[PDB]
Every structure is written in structure tokens, then in C-alpha cells.
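Contents: one structure, followed by commentary.
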Amino acid sequence: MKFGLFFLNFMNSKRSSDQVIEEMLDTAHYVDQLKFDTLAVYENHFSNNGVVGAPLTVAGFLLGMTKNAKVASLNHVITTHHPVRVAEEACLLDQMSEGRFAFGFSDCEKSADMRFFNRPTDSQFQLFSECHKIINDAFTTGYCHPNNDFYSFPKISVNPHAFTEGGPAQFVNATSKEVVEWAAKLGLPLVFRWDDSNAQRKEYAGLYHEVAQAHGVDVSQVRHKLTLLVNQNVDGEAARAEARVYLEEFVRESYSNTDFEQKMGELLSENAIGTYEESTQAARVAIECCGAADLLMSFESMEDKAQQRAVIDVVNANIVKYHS
Amino acid sequence: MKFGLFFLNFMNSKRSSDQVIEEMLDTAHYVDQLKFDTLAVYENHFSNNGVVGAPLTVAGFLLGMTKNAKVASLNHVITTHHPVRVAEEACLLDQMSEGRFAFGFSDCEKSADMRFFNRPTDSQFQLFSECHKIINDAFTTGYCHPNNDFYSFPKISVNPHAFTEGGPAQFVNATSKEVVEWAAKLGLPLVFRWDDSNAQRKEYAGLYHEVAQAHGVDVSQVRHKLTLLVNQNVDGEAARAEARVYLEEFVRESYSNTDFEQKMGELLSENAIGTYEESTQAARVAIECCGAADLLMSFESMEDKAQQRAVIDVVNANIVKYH
């Protein structure tokens with residue numbers, strides 16, 4: 001397996017956007033040297049729960065400041081951005097970094113964002129697919145020629161052309177069944193979300209697998225990713241309490257209909273939170289029920305830098321290093 | 001006077017997109033430990049005359065791989081881009097680099113280019129002024145509230161909030177009198193374009209000065225920039241020749257409705273091309289015409305790497321000694 005790191009960059013009343021970014025940078029540098037495989041960037045708009053609106057811009061600096069690791073967009077929302085712009089941007093990252101960029105994308109998750117980006121809601125999936133078609137066309141051919149109600153424009157050359165044949169590796173955030181089946185037919189690898197339950201995650205995997213074989217897809221060769229929150233404390237009970245506060249607002253905005261306490265409790269126990277073992281096992285379960293080949297972890301919940309790096313070190317030392 | 005570099009990143013059948021990106025990268029590094037103050041990036045779409053459509057993404061990488069270096073968008077076309085996105089993107093860079101990014105922006109230099117990204121209009125300059133309005137609001141307040149017609153969205157927050165108080169330094173491309181007047185009115189510094197004639201630049205410079213002062217602006221503190229192409233050769237004729245081939249399709253493209261030979265001949269003579277002497281002379285002249293505070297140069301037209309780097313060498317020593 002491959003083990004990497006993701007940054008959510010959640011902000012708060014005390015913990016500022018300035019701080020988070022800096023922490024992100026310091027950590028990135030810290031693990032540069034280690035056995036971590038990839039550094040993923042979470043996109044979020046208009047809220048405390050993620051201060052990175054432009055994952056691609058962040059990826060440029062991250063790639064710029066590094067030489068080792070791979071950098072990826074975790075959930076680049078294509079559905080609310082112009083596909084041509086995405087292609088160009090992704091292409092530039094691919095070239096500048098000589099193929100170290102990985103393109104993680106997603107459909108629009110919040111209705112607000114969609115409306116906010118003057119995007120037709122009633123046909124979201126169609127638009128998402130269309131946006132995707134434009135991007136992949138660019139990646140794979142160097143050009144685009146849409147002729148539809150979403151886009152209609154004279155054939156164009158999209159510069160720069162991909163450094164990596166076929167464009168930078170792609171992956172789809174598993175946000176829904178529609179998207180999952182879509183990805184299965186295309187045979188693209190997914191990204192199972194740390195915010196979802198194990199059940200959901202598994203159902204999703206059963207879905208993809210079913211669809212994918214149904215499409216002549218060699219599943220054994222598909223490397224799904226999984227994201228999980230990591231927070232290890234000798235006092236397992238404290239680990240939970242710390243992540244709880246870190247996820248308060250997220251749970252209160254993202255998972256509204258769903259009763260709070262139940263979800264919050266589910267997250268604390270399903271994520272790699274608690275003591276070493278507790279932590280370690282949760283991870284094993286998660287992987288197990290979703291079949292992911294690679295893991296990405298977020299250690300951000302650990303407000304203690306000394307404690308956080310410590311955790312990072314054992315994980316690399318006790319886990320990572322072995323898979324190499 | 002400050003001296004910086006700019007990248008056009010022009011490709012051709014012979015010189016691929018890959019090639020030119022690499023050279024920029026190398027170049028940026030090579031120049032890092034020098035006296036050059038800034039690294040500027042040119043935006044272009046769907047053509048060989050500029051392979052960088054997102055100078056902001058390039059700015060991130062460039063700043064990421066440098067530490068002392070100043071990086072800027074040369075002519076970011078805001079008109080075609082969501083103003084909100086633009087503000088986040090730029091605030092991110094401001095944060096990440098800790099104040100080392102400069103936001104050089106522009107107004108659509110093409111028409112057809114508009115269609116490929118937004119809803120083209122005629123009241124385009126209005127869209128542009130309103131876009132910049134949104135952008136500067138965040139830059140200065142962290143929030144924006146376009147009550148207007150182009151954009152209407154209630155009070156919203158833009159993260160990250162800026163690293164530099166007031167947002168990153170800004171500068172506008174003098175693409176027309178309309179824009180020049182707007183900038184002046186707002187007290188913004190301009191970027192005089194290497195592709196424009198010395199007379200136009202002087203004009204713009206004069207317009208800016210008059211409008212600005214009448215508006216209570218402190219012109220003394222305005223530091224406009226100027227771009228120029230740089231191609232020095234023992235054989236001044238060989239320098240023009242090389243530059244001519246590099247500028248061929250561009251002249252044909254950006255200046256399709258004017259006499260070719262004349263423009264061409266104008267560019268080759270007013271830019272810092274020729275012999276060292278002709279090059280420097282040409283430079284002084286252009287600087288004196290528009291009165292730029294800082295000079296950004298492009299040395300890309302010199303295909304021979306050793307010759308190019310040498311020119312860069314000569315320039316730097318030259319700044320170290322008198323600047």
C-alpha cells in the first residue's frame with residue numbers, strides 16, 4: 001500500500017487561515033524526507049471548514065517547494081469551474097513538475113456553491129460529465145470541441161499539452177452512486193471519503209466493482225484511495241475529545257439532517273482516532289470494508305505539534321517503511 | 001530602478017511547450033541568486049504565442065521553488081475569470097509565499113477569447129471594473145458584496161484572508177485610454193507593454209499623470225513597470241533577424257489589421273534588440289518615453305542558451321554597479 005497525507009485546513013476562531021497554511025507547509029516539508037507517497041489538498045469554499053478554495057494553486061507551490069513527493073488535488077470541484085481552465089491548469093502542473101501531479105476531482109457537493117457559480121442544478125450530473133469530457137479530451141488529445149448547451153465553441157488547442165501521456169492520473173471522489181457507476185464504466189479509481197461511514201464506503205465499493213466488471217474493467221488493476229483522520233493519544237479518550245471539537249462545525253453544516261451525536265460518535269470511532277491500537281485498528285477496518293489500495297491521512301486534529309510529528313514518525317517508522 | 005524578468009513562453013513547431021516551460025524554470029532558478037527583483041508571467045490561450053493560460057498556477061510553483069524571489073502575474077485577465085476565484089487564488093499565493101506575489105492584471109486583449117470562458121458582451125469594460133471591485137474588496141477586507149448586475153451575491157467571506165495588509169501589490173496593463181484613466185483614478189500603477197509603440201506608451205503615461213493628479217493621487221509614489229524584449233548580439237543585424245522570426249506569428253496575430261513590415265520594424269527597433277549598444281540605447285529611450293520605475297525583461301528570443309545567459313550576466317553586473 002501507499003500512505004500519504006491530506007490537508008483539510010479547517011479554520012476556527014483561534015486557529016487562523018494564516019496558521020493552517022503555514023502548518024500545512026511545515027508538515028509538507030517535514031514528511032518530504034519520509035516514506036509518505038502523496039500530499040493531497042482539500043478544496044472548500046466560504047467557510048471555516050477548509051480555507052483552500054483553489055487546490056490547484058496550492059498544488060503548484062507544494063510541487064514547487066518539493067522534489068520528492070507527489071501532489072494531488074483531493075476533490076477538485078469541476079462542476080462549478082470552466083473545464084477549459086481546469087485542463088490548462090492541470091496541464092501546467094503536469095509539465096512544471098514533470099508528472100508529479102495527480103488529479104483528484106469531484107462533482108458539486110453543495111447546492112449553494114452550484115447556485116453561487118451560476119450552474120444549472122437540474123442537470124448537474126450531465127454538466128459534470130460534460131466538463132469531464134472536455135478535460136479528458138484536452139489531456140488525451142491536446143484539443144477540445146464541445147457542441148452543446150453546456151458548451152459550444154469552435155475547436156481549440158488547449159496549451160500546454162500534457163507532459164504525461166494521457167494527462168496526469170485521475171481519480172474520482174466517491175460522492176454518490178451516480179458518480180460511482182460513472183467512474184466504474186470509465187474504470188477510474190475512486191476516493192473513498194473519510195467523512196462517510198464504513199457502510200457507505202463498502203456499498204460504494206460493491207457498486208463500483210459490479211459496474212466495472214460489467215464494463216469489461218480489470219478491477220484488480222484499480223487502486224482506490226481512502227482518506228482518514230488520524231489522531232493518536234495514549235489517553236484514547238482525549239484523542240476523541242480533541243477531534244470532536246475539530247469536527248464540531250463540520251458535522252453541524254455538512255451533516256445537517258442526520259442526528260449529530262450519532263454521526264459525531266461514528267466518526268470518532270471509524271476514523272484512526274484514539275490510542276495507537278485503537279487508531280491502527282480503525283484504519284484496518286476502514287480499508288478492509290472499502291478495498292482501497294492507498295491511504296491518505298490527515299493528522300491536523302492534533303493541536304500539539306510535538307505530539308503530531310511524533311504520530312507521523314511512528315506511522316512512517318512502524319507502518320509506511322514496510323510497504324516500500 | 002528595479003529590474004525583473006518576464007516569460008512569454010512562445011512555442012513553435014520546433015520549440016515545444018515542454019521545452020519553453022523547462023527553460024523558464026531553469027531561468028528562474030539561474031536568476032534567483034542574482035539582483036533581479038521580479039519574475040513575471042504572461043497569460044495566453046489556445047495559441048503558440050504563449051502557452052501559459054493560468055499565470056497564477058505558474059506563480060505558485062515559481063514561488064514554491066524560490067525563496068527570495070518576487071513573482072507576478074503579468075496580465076491576468078480578470079474579465080474572463082470569476083472575480084471570487086481570482087481573489088482566493090491570489091490570497092492563497094500571498095499567504096503561502098508570505099507576501100512575495102504581485103498581482104498584475106489585465107482586460108481582455110481578444111474578443112473571441114471572451115466566448116471561450118464567459119458570456120461575451122459589449123459593456124465589457126464595465127464587467128472588468130466590477131470584477132476588480134470585487135477582488136479588491138476581499139483583498140482589503142476579506143469580504144465582498146456585489147449587489148450589482150454582473151454579480152449579485154450577498155455578503156460572503158473569502159479565505160484566506162490576505163497575508164499583506166491590503167492584499168498583494170497590484171498593477172494594471174495599459175491596454176487602452178479607458179483602462180489607463182480608470183487605473184489613474186484608482187491610483188494604480190501600470191504595466192507599459194513591450195508590444196506597444198513608444199508613442200502610445202508616452203501617451204498613456206501622460207494621460208495617467210493628468211488624470212491622477214486631478215484626482216488627488218500621489219503620483220510620486222506610483223511605480224509603473226515597463227516590459228521590453230531583450231536580444232543582444234555582436235551582430236545587431238543577427239539579433240533583429242532572430243527576434244523577427246520569434247515575433248512573426250505574433251505580429252500576424254495581435255496586429256492583423258495594421259501594416260506588417262511597419263509594426264515588425266517598429267518592434268525590432270524600439271525594443272531592447274540589436275547590439276549591446278543599440279539594445280541599451282533603445283532601453284533608455286523607451287524608459288524615458290513612458291517614465292517606468294521598474295523594468296522587466298524577456299531574453300527568451302535568444303535561442304542559444306549560452307548567448308542568452310551571457311546577456312543576462314551582463315545585465316546584472318550592470319545593475320549591481322549602477323543600481
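Naming scheme: A, B, ... for chains in displayed order of the C-alpha cells; residues 1 onward per chain; ligands 1 onward as shown.
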query: Counting only C-alpha atoms, what is within 12 Å of range 208-218 of chain B, bar same-chain residues fewer than 2 positions away, as number ranges by chain?
result: B: 172, 174, 176-192, 201-206, 220-224, 290-291
Create the file for the chosen residues now, containing N, CA, C and O atoms and written as a short mmCIF file (atom, residue, chain, number, x, y, z; two decimals), in the first residue's frame.
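part34.cif was written with the following content:
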```cif
data_model
loop_
_atom_site.label_atom_id
_atom_site.label_comp_id
_atom_site.auth_asym_id
_atom_site.auth_seq_id
_atom_site.Cartn_x
_atom_site.Cartn_y
_atom_site.Cartn_z
N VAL B 172 -1.88 47.33 -13.23
CA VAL B 172 -2.72 47.18 -14.42
C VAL B 172 -1.99 47.39 -15.74
O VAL B 172 -1.21 48.37 -15.94
N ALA B 174 -1.59 48.71 -19.38
CA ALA B 174 -2.22 49.84 -20.08
C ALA B 174 -2.58 49.43 -21.49
O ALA B 174 -1.77 49.47 -22.45
N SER B 176 -5.52 50.48 -23.03
CA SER B 176 -6.38 51.48 -23.63
C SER B 176 -6.46 52.69 -22.75
O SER B 176 -5.99 52.68 -21.61
N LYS B 177 -7.01 53.75 -23.29
CA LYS B 177 -7.16 55.01 -22.56
C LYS B 177 -8.17 54.90 -21.44
O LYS B 177 -7.99 55.50 -20.38
N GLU B 178 -9.22 54.12 -21.73
CA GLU B 178 -10.32 53.84 -20.81
C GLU B 178 -9.78 53.20 -19.53
O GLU B 178 -10.07 53.64 -18.41
N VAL B 179 -8.98 52.16 -19.72
CA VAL B 179 -8.36 51.48 -18.61
C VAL B 179 -7.34 52.38 -17.89
O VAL B 179 -7.35 52.49 -16.66
N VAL B 180 -6.48 53.06 -18.66
CA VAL B 180 -5.47 53.96 -18.10
C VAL B 180 -6.09 55.00 -17.21
O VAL B 180 -5.60 55.29 -16.13
N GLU B 181 -7.21 55.57 -17.68
CA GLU B 181 -7.94 56.55 -16.91
C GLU B 181 -8.54 55.97 -15.63
O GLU B 181 -8.54 56.61 -14.58
N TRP B 182 -9.07 54.76 -15.70
CA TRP B 182 -9.65 54.09 -14.56
C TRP B 182 -8.59 53.84 -13.47
O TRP B 182 -8.79 54.19 -12.29
N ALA B 183 -7.45 53.28 -13.91
CA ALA B 183 -6.30 52.99 -13.04
C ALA B 183 -5.86 54.24 -12.33
O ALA B 183 -5.65 54.23 -11.14
N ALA B 184 -5.71 55.33 -13.09
CA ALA B 184 -5.25 56.61 -12.57
C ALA B 184 -6.15 57.16 -11.49
O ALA B 184 -5.74 57.77 -10.47
N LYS B 185 -7.40 56.93 -11.76
CA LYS B 185 -8.46 57.36 -10.90
C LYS B 185 -8.40 56.58 -9.60
O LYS B 185 -8.74 57.08 -8.52
N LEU B 186 -7.96 55.34 -9.70
CA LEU B 186 -7.87 54.50 -8.53
C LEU B 186 -6.48 54.54 -7.92
O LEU B 186 -6.18 53.87 -6.95
N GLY B 187 -5.59 55.29 -8.53
CA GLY B 187 -4.24 55.33 -8.01
C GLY B 187 -3.41 54.06 -8.28
O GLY B 187 -2.40 53.84 -7.62
N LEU B 188 -3.80 53.21 -9.23
CA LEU B 188 -2.98 52.01 -9.51
C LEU B 188 -1.79 52.27 -10.45
O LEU B 188 -1.85 53.18 -11.28
N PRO B 189 -0.71 51.46 -10.30
CA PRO B 189 0.45 51.56 -11.17
C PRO B 189 0.12 50.72 -12.39
O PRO B 189 -0.68 49.79 -12.32
N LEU B 190 0.73 51.07 -13.51
CA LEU B 190 0.51 50.39 -14.75
C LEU B 190 1.70 49.58 -15.13
O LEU B 190 2.79 49.76 -14.58
N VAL B 191 1.45 48.75 -16.14
CA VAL B 191 2.47 48.00 -16.83
C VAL B 191 2.43 48.45 -18.30
O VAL B 191 1.42 48.31 -19.01
N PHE B 192 3.51 49.09 -18.75
CA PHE B 192 3.56 49.53 -20.12
C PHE B 192 4.01 48.34 -20.92
O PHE B 192 4.94 47.68 -20.48
N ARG B 201 2.88 54.48 -25.44
CA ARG B 201 3.30 54.42 -24.05
C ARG B 201 3.38 55.80 -23.44
O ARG B 201 2.83 56.05 -22.35
N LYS B 202 4.08 56.70 -24.15
CA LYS B 202 4.19 58.09 -23.68
C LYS B 202 2.80 58.73 -23.46
O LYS B 202 2.50 59.44 -22.50
N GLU B 203 1.92 58.44 -24.40
CA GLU B 203 0.57 58.97 -24.34
C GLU B 203 -0.13 58.53 -23.07
O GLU B 203 -0.68 59.34 -22.30
N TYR B 204 -0.12 57.22 -22.89
CA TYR B 204 -0.70 56.58 -21.75
C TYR B 204 -0.09 57.20 -20.50
O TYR B 204 -0.77 57.65 -19.57
N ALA B 205 1.24 57.25 -20.46
CA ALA B 205 1.91 57.84 -19.32
C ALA B 205 1.42 59.26 -19.06
O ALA B 205 1.20 59.66 -17.93
N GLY B 206 1.21 60.05 -20.12
CA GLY B 206 0.74 61.41 -19.93
C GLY B 206 -0.68 61.47 -19.42
O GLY B 206 -1.01 62.24 -18.50
N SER B 220 3.97 60.53 -7.06
CA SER B 220 5.33 60.36 -6.65
C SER B 220 5.58 58.96 -6.17
O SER B 220 6.68 58.42 -6.35
N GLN B 221 4.54 58.37 -5.59
CA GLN B 221 4.59 57.03 -5.05
C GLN B 221 4.16 55.93 -5.99
O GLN B 221 4.17 54.75 -5.63
N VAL B 222 3.80 56.33 -7.21
CA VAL B 222 3.40 55.36 -8.19
C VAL B 222 4.62 54.85 -8.94
O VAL B 222 5.41 55.64 -9.51
N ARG B 223 4.82 53.54 -8.88
CA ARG B 223 5.97 52.94 -9.56
C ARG B 223 5.54 52.07 -10.72
O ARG B 223 5.39 50.87 -10.56
N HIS B 224 5.31 52.65 -11.90
CA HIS B 224 4.87 51.87 -13.05
C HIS B 224 5.99 50.99 -13.56
O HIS B 224 7.19 51.29 -13.47
N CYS B 290 7.84 56.50 -21.39
CA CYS B 290 6.67 56.25 -20.55
C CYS B 290 6.92 56.53 -19.09
O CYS B 290 5.98 56.51 -18.31
N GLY B 291 8.20 56.75 -18.75
CA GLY B 291 8.68 57.05 -17.41
C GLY B 291 8.54 55.94 -16.36
O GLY B 291 8.33 56.28 -15.21
#
```
- request: Within 8 Å of range 91-105 of chain B, counting only C-alpha atoms, which residues show up once you throw out same-chain ones fewer than 3 positions away? Write them as a ChimeraX atom specification, please.
  value: /A:18,21-22,25,52,54,57-58,61 /B:59-60,63-64,69-78,87-88,139,159-164,167-173,191
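When the distance limit is 10 Å and only C-alpha atoms are what count, the residues near residue 323 in chain B, minus those fewer than 2 positions from it on the same chain, are residues 1, 2, 3, 35, 316, 317, 318, 319, 320 and 321 of chain B.
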Take the selection from the previous step and output its residues with C-alpha atoms, as a tab-separated table (two decimals), in the first residue's frame.
```
chain	number	residue	atom	x	y	z
B	1	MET	CA	15.13	51.47	-10.74
B	2	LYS	CA	14.18	47.81	-10.36
B	3	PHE	CA	14.95	45.14	-12.98
B	35	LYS	CA	19.93	41.03	-8.39
B	316	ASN	CA	23.10	42.02	-13.82
B	317	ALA	CA	26.63	43.21	-13.38
B	318	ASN	CA	25.35	46.39	-14.86
B	319	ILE	CA	22.70	46.77	-12.17
B	320	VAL	CA	24.95	45.74	-9.37
B	321	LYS	CA	27.30	48.56	-10.39
```
task: Residues of chain A near chain B: apply a cut-off of 8 Å, count only C-alpha atoms, and supply the list as a VMD selection string.
output: chain A and resid 17 to 18 21 to 22 25 45 to 47 51 to 54 56 to 66 82 84 to 85 88 to 89 92 to 93 95 to 96 116 153 156 to 161 163
- prompt: Which residues in range 32-101 of chain B does DSSP call strand (DSSP E)? List them as number ranges by chain.
  reply: B: 38-41, 70-77, 101
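Once residue 237 in chain A and its same-chain neighbours fewer than 5 positions away are set aside, residues 231, 232, 242, 243, 244, 268, 269, 273, 274, 275, 276, 278 and 279 of chain A remain within 12 Å of it when counting only C-alpha atoms.
Across the structure, CA of residue 252 in chain B and CA of residue 15 in chain B are spaced 18.7 Å apart.
Closest approach to residue 242 in chain B from the set B:295, B:226, B:273, B:127 is made by B:273, with distances taken over only C-alpha atoms.
All residues of range 99-141 of chain A that DSSP, run on the backbone, classes as alpha helix (DSSP H) are residues 111, 112, 113, 114, 115, 116, 124, 125, 126, 127, 128, 129, 130, 131, 132, 133, 134, 135, 136, 137, 138, 139, 140 and 141 of chain A.
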Write the selection just made, keeping N, CA, C and O atoms, as a JSON list (two decimals), in the first residue's frame?
```json
[["chain", "number", "residue", "atom", "x", "y", "z"],
["A", 111, "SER", "N", -25.36, 22.58, -2.91],
["A", 111, "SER", "CA", -26.30, 23.31, -3.76],
["A", 111, "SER", "C", -25.98, 24.79, -3.79],
["A", 111, "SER", "O", -26.10, 25.45, -4.84],
["A", 112, "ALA", "N", -25.56, 25.32, -2.65],
["A", 112, "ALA", "CA", -25.20, 26.72, -2.51],
["A", 112, "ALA", "C", -24.09, 27.09, -3.47],
["A", 112, "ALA", "O", -24.14, 28.09, -4.19],
["A", 113, "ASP", "N", -23.05, 26.29, -3.48],
["A", 113, "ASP", "CA", -21.94, 26.52, -4.36],
["A", 113, "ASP", "C", -22.38, 26.55, -5.81],
["A", 113, "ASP", "O", -22.00, 27.45, -6.56],
["A", 114, "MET", "N", -23.19, 25.56, -6.19],
["A", 114, "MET", "CA", -23.69, 25.46, -7.56],
["A", 114, "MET", "C", -24.41, 26.71, -7.99],
["A", 114, "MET", "O", -24.15, 27.29, -9.05],
["A", 115, "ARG", "N", -25.37, 27.12, -7.16],
["A", 115, "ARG", "CA", -26.18, 28.31, -7.42],
["A", 115, "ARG", "C", -25.30, 29.54, -7.45],
["A", 115, "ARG", "O", -25.45, 30.50, -8.23],
["A", 116, "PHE", "N", -24.32, 29.47, -6.56],
["A", 116, "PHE", "CA", -23.35, 30.53, -6.44],
["A", 116, "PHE", "C", -22.48, 30.67, -7.69],
["A", 116, "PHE", "O", -22.01, 31.75, -8.09],
["A", 124, "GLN", "N", -27.07, 18.82, -13.23],
["A", 124, "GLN", "CA", -25.75, 18.74, -12.66],
["A", 124, "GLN", "C", -24.92, 17.58, -13.15],
["A", 124, "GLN", "O", -23.79, 17.80, -13.60],
["A", 125, "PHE", "N", -25.43, 16.34, -13.06],
["A", 125, "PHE", "CA", -24.60, 15.22, -13.50],
["A", 125, "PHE", "C", -24.20, 15.35, -14.95],
["A", 125, "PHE", "O", -23.06, 15.03, -15.29],
["A", 126, "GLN", "N", -25.16, 15.80, -15.79],
["A", 126, "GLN", "CA", -24.83, 15.93, -17.20],
["A", 126, "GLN", "C", -23.72, 16.93, -17.40],
["A", 126, "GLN", "O", -22.79, 16.76, -18.17],
["A", 127, "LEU", "N", -23.81, 18.01, -16.67],
["A", 127, "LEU", "CA", -22.80, 19.03, -16.80],
["A", 127, "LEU", "C", -21.47, 18.50, -16.28],
["A", 127, "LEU", "O", -20.42, 18.70, -16.87],
["A", 128, "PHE", "N", -21.53, 17.80, -15.17],
["A", 128, "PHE", "CA", -20.32, 17.26, -14.62],
["A", 128, "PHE", "C", -19.64, 16.35, -15.64],
["A", 128, "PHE", "O", -18.44, 16.38, -15.88],
["A", 129, "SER", "N", -20.43, 15.50, -16.26],
["A", 129, "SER", "CA", -19.83, 14.59, -17.23],
["A", 129, "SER", "C", -19.24, 15.30, -18.41],
["A", 129, "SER", "O", -18.19, 14.90, -18.92],
["A", 130, "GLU", "N", -19.96, 16.36, -18.82],
["A", 130, "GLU", "CA", -19.56, 17.17, -19.95],
["A", 130, "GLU", "C", -18.28, 17.89, -19.64],
["A", 130, "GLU", "O", -17.38, 17.91, -20.46],
["A", 131, "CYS", "N", -18.22, 18.45, -18.44],
["A", 131, "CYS", "CA", -16.99, 19.12, -18.01],
["A", 131, "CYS", "C", -15.81, 18.16, -18.08],
["A", 131, "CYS", "O", -14.69, 18.50, -18.54],
["A", 132, "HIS", "N", -16.07, 16.93, -17.59],
["A", 132, "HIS", "CA", -15.08, 15.85, -17.59],
["A", 132, "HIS", "C", -14.64, 15.50, -19.01],
["A", 132, "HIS", "O", -13.44, 15.42, -19.32],
["A", 133, "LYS", "N", -15.62, 15.33, -19.89],
["A", 133, "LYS", "CA", -15.29, 15.04, -21.28],
["A", 133, "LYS", "C", -14.34, 16.08, -21.85],
["A", 133, "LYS", "O", -13.36, 15.75, -22.48],
["A", 134, "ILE", "N", -14.65, 17.35, -21.63],
["A", 134, "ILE", "CA", -13.77, 18.42, -22.14],
["A", 134, "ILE", "C", -12.34, 18.31, -21.61],
["A", 134, "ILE", "O", -11.35, 18.39, -22.35],
["A", 135, "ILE", "N", -12.25, 18.11, -20.30],
["A", 135, "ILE", "CA", -10.92, 17.98, -19.66],
["A", 135, "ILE", "C", -10.15, 16.75, -20.20],
["A", 135, "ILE", "O", -8.99, 16.81, -20.66],
["A", 136, "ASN", "N", -10.78, 15.58, -20.16],
["A", 136, "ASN", "CA", -10.08, 14.42, -20.66],
["A", 136, "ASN", "C", -9.68, 14.55, -22.17],
["A", 136, "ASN", "O", -8.66, 14.00, -22.64],
["A", 137, "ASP", "N", -10.50, 15.26, -22.94],
["A", 137, "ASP", "CA", -10.24, 15.44, -24.38],
["A", 137, "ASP", "C", -8.94, 16.20, -24.52],
["A", 137, "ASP", "O", -8.02, 15.86, -25.25],
["A", 138, "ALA", "N", -8.86, 17.25, -23.71],
["A", 138, "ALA", "CA", -7.65, 18.04, -23.70],
["A", 138, "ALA", "C", -6.44, 17.20, -23.33],
["A", 138, "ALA", "O", -5.42, 17.20, -24.03],
["A", 139, "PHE", "N", -6.56, 16.49, -22.19],
["A", 139, "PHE", "CA", -5.49, 15.64, -21.69],
["A", 139, "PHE", "C", -5.02, 14.64, -22.72],
["A", 139, "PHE", "O", -3.84, 14.44, -23.01],
["A", 140, "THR", "N", -5.99, 13.95, -23.26],
["A", 140, "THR", "CA", -5.69, 12.91, -24.21],
["A", 140, "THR", "C", -5.39, 13.31, -25.65],
["A", 140, "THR", "O", -4.74, 12.54, -26.36],
["A", 141, "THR", "N", -5.86, 14.48, -26.09],
["A", 141, "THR", "CA", -5.64, 14.89, -27.48],
["A", 141, "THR", "C", -5.00, 16.25, -27.67],
["A", 141, "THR", "O", -4.58, 16.58, -28.76]]
```
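If you look at CA of residue 293 in chain A and CA of residue 69 in chain A, they are 17.6 Å away from each other.
With distances restricted to only C-alpha atoms, A:105 is the closest residue to residue 191 in chain A from A:246, A:151, A:105, A:10.
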Write out as a tab-separated table (two decimals) with C-alpha atoms, in the first residue's frame the residues lying within 10 Å of residue 133 in chain B, counting only C-alpha atoms and excluding same-chain residues fewer than 5 positions away.
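Resulting contents of around-v9.tsv:
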```
chain	number	residue	atom	x	y	z
B	83	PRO	CA	-13.58	37.56	-9.51
B	127	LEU	CA	-17.61	43.84	-16.18
B	128	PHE	CA	-13.91	44.36	-15.77
B	138	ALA	CA	-11.70	40.97	-0.43
B	139	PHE	CA	-8.02	42.00	-0.72
B	144	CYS	CA	-17.14	41.06	-0.99
B	145	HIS	CA	-20.75	42.00	-1.66
B	146	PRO	CA	-21.68	42.59	-5.30
```
query: With only C-alpha atoms as the atoms that count, which of B:137, B:294, B:122, B:272 lies nearest to residue 108 in chain B?
result: B:122
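Distances from A:219, A:72, A:5, A:205 to residue 30 in chain A were compared using only C-alpha atoms, and the smallest one belongs to A:5.
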